[PDB]
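Each residue of the first sequence is one higher than the one before, counting from 115 in the working numbering.
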Amino acid sequence: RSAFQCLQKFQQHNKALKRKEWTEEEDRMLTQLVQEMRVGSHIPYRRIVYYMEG
DNA sequence: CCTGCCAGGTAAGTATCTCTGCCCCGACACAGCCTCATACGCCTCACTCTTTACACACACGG
């Protein structure tokens with residue numbers, strides 16, 4: 115199996131890929147982003163994720 | 001060492017085509033005009049099942 119598949123099978127079961135635990139600064143950043151890219155309702159969560167980490 | 005007539009069987013006959021050279025040809029190019037007919041080709045449009053993404057919801061379980 116190529117390195118690609120090994121990394122895939124590791125990531126798909128890597129728990130450190132996502133943080134899983136919320137912190138206050140994460141919340142502050144999320145609120146700021148939502149307010150920046152607000153449209154009313156239905157905030158684009160993808161374009162928000164792509165400004166956050168984990 | 002030859003030679004032949006007669007009975008039986010058979011048989012007629014009538015009645016009721018594939019090449020092969022060879023002269024005397026059509027159809028090729030190609031010229032402008034010209035009108036309508038025929039063919040091709042290519043991109044834009046349609047659509048249709050089948051996923052593809054993504055915000056949101058809702059048990060679920062102990």
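Heads up, the beta-carbon is just placed ideally off N, CA and C, and yes, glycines get one too.
Straight-line gap, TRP136 to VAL163 (C-alpha atoms, nearest Å): By one-based count along the first sequence, residue 136 stands at place 22. By one-based count along the first sequence, residue 163 stands at place 49. The straight-line gap separating the alpha-carbon atoms of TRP136 and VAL163 is approximately 14 Å.
Can you have a look at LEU147 and say buried or exposed, based on whether 16 or more other CB atoms are within 10 angstroms of its CB? Within the first sequence, the letter at position 33 stands for residue 147. With a threshold of 16 other beta carbon atoms within 10 Å, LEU147 meets it and is buried.
Is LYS132 closer than 8 Å to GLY168 when the C-beta atoms are compared? Along the first sequence, one-based indexing puts residue 168 at 54. Along the first sequence, one-based indexing puts residue 132 at 18. Closer than 8 Å, so yes.
Start and end of the alpha helix (DSSP H) containing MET143? Mapped onto the first sequence, residue 143 falls at position 29. In the DSSP assignment, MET143 falls within the alpha helix (DSSP H) that extends over 138-150.
If we call anything under 8 Å between Cβ atoms a contact, is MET143 one with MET166? As a first step, residue 143 is located in the first sequence; it is residue number 29 there, counting from the start. As a first step, residue 166 is located in the first sequence; it is residue number 52 there, counting from the start. Contact: yes.
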